[PDB]
Amino acid sequence: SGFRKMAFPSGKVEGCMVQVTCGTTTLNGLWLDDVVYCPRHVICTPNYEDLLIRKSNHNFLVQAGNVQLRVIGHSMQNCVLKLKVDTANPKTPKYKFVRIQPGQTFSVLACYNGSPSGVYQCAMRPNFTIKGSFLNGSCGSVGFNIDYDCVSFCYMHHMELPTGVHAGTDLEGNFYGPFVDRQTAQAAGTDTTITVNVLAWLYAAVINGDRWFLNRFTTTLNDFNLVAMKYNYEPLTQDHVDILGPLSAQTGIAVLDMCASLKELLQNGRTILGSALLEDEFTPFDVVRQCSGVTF
Amino acid sequence: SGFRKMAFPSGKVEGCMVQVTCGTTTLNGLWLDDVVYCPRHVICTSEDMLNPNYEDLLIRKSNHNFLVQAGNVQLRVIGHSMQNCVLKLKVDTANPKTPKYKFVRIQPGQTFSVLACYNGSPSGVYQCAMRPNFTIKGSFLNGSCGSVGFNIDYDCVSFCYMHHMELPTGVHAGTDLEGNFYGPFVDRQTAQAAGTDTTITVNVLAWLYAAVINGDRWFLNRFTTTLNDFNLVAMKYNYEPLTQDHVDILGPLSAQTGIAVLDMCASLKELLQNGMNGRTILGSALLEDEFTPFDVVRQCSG
Ligand SMILES: *C(=N)[C@@H]1C[C@@]2(CN1C(=O)[C@H](CC(C)C)N(C)C(=O)c1cc3c(F)cc(F)c(F)c3[nH]1)C(=O)Nc1ccccc12
Ligand SMILES: *C(=N)[C@@H]1C[C@@]2(CN1C(=O)[C@H](CC(C)C)N(C)C(=O)c1cc3c(F)cc(F)c(F)c3[nH]1)C(=O)Nc1ccccc12
């Protein structure tokens, strides 16, 4: 029993982290095969096309611990810098690049100077920001999930907003949300609660012996959606009902019955899983992987 | 900026996890050098779990009775010895992935990362704290015994915990890497009760300093208190006593924010009497006690 904010085992990702230095700027790089992916803002003192044409291969100092890697080429893809290196990473795992949807979670391996400092779970907020923990030097730190034995890289850290939340790109350099890689005052849209994730966390509470919030009532998907609007909650789709199915069968509580419990919880407000708020940073798959004991 | 429940990168520990099987029992083992450390209850029979005689069961075991697997590589056991509640299995090959490591025994209130494993393979990593009643609030299912707790300063892995059992309340109990249980727990399937748990006061105060560092000031007040008056309050709320030693360790955080410890104590006293009134501190609607003053410094400074 027990329910914690559990990250993925970061072992496969640590073997990919390298230090990238350009001028007086030092950040992190993701070494996969013979390419090092890192935020392009490492070339700033901005016109990225201009600054990149004025760079040579040896202008980029890449370090894998104490081993200096020789840059044999460089190219830009959106907001990511791709540095071709002479040696392929022997610790390159089975990996792929994915772009996650708002509401999806991932583990962040925070790094400084190419070395991993810590690991934590994060959710891609519906306003396309992450509520992470990043200090100066953590750009290039990545977000990932693990399915079977494949690392799915979904996030690269680029910036912090004046509000304290963070923003970054997928591994193709495409920013999540309306953010740009300029050191300018940027504002995130009004954030909303990930409804399907709160429902999955309520199923995790039933699995761990918390039933006080349950009620006899059931609802329709349309009535529950009218309620979600009045509370800044993301709409619940029929697709979300299908992904909640396995958790609904394991507890014997229909999704629309748990929706009537969530409606009641939102109108009145005890603790659930040691929290005094409705937690939205656990997907239905996060609940299954923790409560079923999925390994990697 | 930002404040999260941050675990240590588990890479160095994943390379040490092996699967240990004894009879019909399968659990996790920690492979360091040519020794595999695991909970000794792996030698218990499904029938006699209440009062096993470990010295008696270990004398009737041979090296070939222990099946150790490192992924797909079966390791040959060349010897076996018992140290308190841990079983140490001498193996023929030294772990090539053995990191720089040491064994430490933590004090209640201290935090650490838990690499949860099943069948020798890592499932997940979370942050934990040694509760004042000597239990941990882990997330563990059957087959998780042998999973370890660790801290990684510089490049050395401090192994401080090995998972052994779950108590009827859903909390967990285990040993240090010398096999000494934390608390009054024994490795038997006998009726065991953890004492009434209490809140780690110094950790809540450190987390309040982390909130000021991250721009949360709503809970602050002009009042100050004495250490003795605050301690009378802590009792009325099931909080552990705040000692002068705790004031000293909180010093660096107090100097970085300019808020005296006894002033933050008057804010905690106020927070305990009213609550949150709908407000949140660092995204939590409760007073968090699982961050030591050193965890706050690690995360906020680097
Ligand atoms: C990456 N190495 C660091 C880590 C940091 C963001 N970051 C950057 O390099 C950012 C690059 C820009 C996208 C060009 N960066 C400097 C910012 O995001 C940034 C700078 C400021 C301010 F000066 C003021 C401000 F109000 C603001 F919102 C800013 N954002 C990160 O994740 N956290 C952090 C803290 C301190 C310095 C750097 C970074
Ligand atoms: C380790 N492989 C598993 C994981 C589990 C505890 N655990 C054990 O093997 C424990 C060994 C004892 C110390 C001999 N174990 C069986 C328990 O701690 C245990 C068994 C029971 C009960 F039958 C009833 C009960 F009320 C109780 F509190 C028990 N504790 C773990 O951490 N969580 C878990 C869940 C289910 C099975 C095993 C384990």
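Residues numbered from 1 in each chain as written, not as in the entry; some residues may be left out. Chains lettered and ligands numbered in written order. Heavy atoms only, no water.

Per the PDB record, the structure was determined using X-ray crystallography to 2.002 Å resolution.

## Regarding the site of ligand 2
Residue and element names in this part refer to chain B. The environment of ligand 2 is made up of 17 residues, and the closest members are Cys145, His163, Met165, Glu166 and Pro168. Within the contact set of ligand 2, a nitrogen atom lies 2.8 Å away from a backbone nitrogen or oxygen of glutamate 166. Burial of ligand 2 by the surrounding chains reaches 70%, relative to a free accessible area of 730 Å². For the shell around ligand 2, the element with the highest residue contribution is strand 12 (residues 156-166), accounting for four residues. (Near = heavy atom within 4 Å. Polar contact = N/O pair within 3.5 Å; in protein donor to acceptor, adjacent residues only side chain to side chain. Areas by Shrake-Rupley, 256 points an atom, 1.4 Å probe, with all protein chains shown as cover. Helix = DSSP H or I, 4+ residues; strand = E, 2+ residues; numbered from the N terminus.)

## Here's the deal with the interface of chain B and chain A
Quoted interface sizes are often the accessible area lost when the parts come together. Residue-level contacts link 42 residues of chain B with 43 residues of chain A. Between chain B and chain A, roughly 2,800 Å² of surface is buried when both sides are summed, and carbon and sulfur atoms account for 52% of that area. The largest contributions to the chain B side of the interface with chain A come from B:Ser1, B:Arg4 and B:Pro9, which together make up 24% of the buried area. The interface formed by chain B and chain A contains two salt bridges. The partner of B:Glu290 in a salt bridge is A:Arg4, with the nearest N and O atoms 2.9 Å apart. Taken together, the links from chain B to chain A amount to 28 residue pairs in polar contact. If you list the elements that add at least two residues to the side of chain B that touches chain A, you get helix 1 (11-14), strand 9 (111-118), strand 10 (121-129) and helix 7 (293-301) of chain B. No other element matches strand 10 of chain B, which puts eight residues into the side of chain B that touches chain A. In terms of residue class, the side of chain B that touches chain A is made up of 16 nonpolar, 18 polar and eight charged. (Contact = heavy atoms within 4.5 Å. Buried area = accessible area lost by both parts, 1.4 Å probe. Salt bridge = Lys/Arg side-chain N within 4 Å of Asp/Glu carboxyl O. Nonpolar A, V, L, I, M, F, W, Y, C, P; charged D, E, K, R; others polar.)

## Notes on helix 5 (residues 238-251) of chain A
Residue and element names in this part refer to chain A. End to end, helix 5 covers 19 Å across 14 residues, agreeing with the expected 20 Å (1.5 Å per residue, within 8%). Remark: the principal bend of helix 5, roughly 45°, maps to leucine 244, with a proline, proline 246, within the next four residues. Packed against the buried residues of helix 5 are helix 3 (195-207), helix 4 (221-229), helix 6 (255-268) and helix 7 (284-292). Following helix 5 by one or two positions, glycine 252 has its phi on the positive side, about 75°. (Expected span 1.5 Å × (residues − 1). Bend = angle between axes of the 7 residues up to and from the residue.)

## Some thoughts on the environment of B:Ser284
Here B:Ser284 lies in the loop between helix 6 (261-274) and helix 7. Given a relative accessible area of 17%, B:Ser284 falls into the buried group. Sequence-distant contacts of B:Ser284, that is, excluding residues within four places in its chain, are made with A:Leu277, B:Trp207 and B:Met276. (Buried < 20%, exposed > 50% of the residue type's maximum accessible area, 1.4 Å probe, protein only.)

## Description of the site of ligand 1
All names here are of chain A. Not every one of the 16 residues close to ligand 1 is listed here, only the nearest: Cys139, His157, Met159, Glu160 and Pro162. Taking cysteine 139, its main chain carries an N or O atom lying 3.3 Å from a nitrogen atom of ligand 1. Here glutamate 160 contributes a backbone N or O atom positioned 2.8 Å from a nitrogen atom of ligand 1. Contact with the protein chains hides 68% of the accessible area of ligand 1, taken as 730 Å² for the molecule alone. Top element by residues in the shell around ligand 1 is strand 12 (residues 150-160). It accounts for four residues. Taken together, the residues that form the shell around ligand 1 break down as six nonpolar, eight polar and two charged.

## Quick word on the sheet that holds strand 2 (residues 25-32) of chain B
Each strand in a sheet pairs with its neighbour through backbone hydrogen bonds, running either in the same direction (parallel) or in the opposite one (antiparallel). All names here are of chain B. Pairing within the open sheet is antiparallel, and its seven strands lie in the order 5-4-1-2-3-7-6. Taken across any chain shown, the strands that pair with only one partner, and hence form the sheet edges, are strand 5 (73-75) and strand 6 (77-83). Neighbouring strand axes in the sheet, compared pairwise and without regard to direction, differ in orientation by 30° on average. (Pairing = 2+ DSSP bridges. Axes fitted to C-alpha atoms, helices over the stretch in contact; angles between N-to-C directions.)

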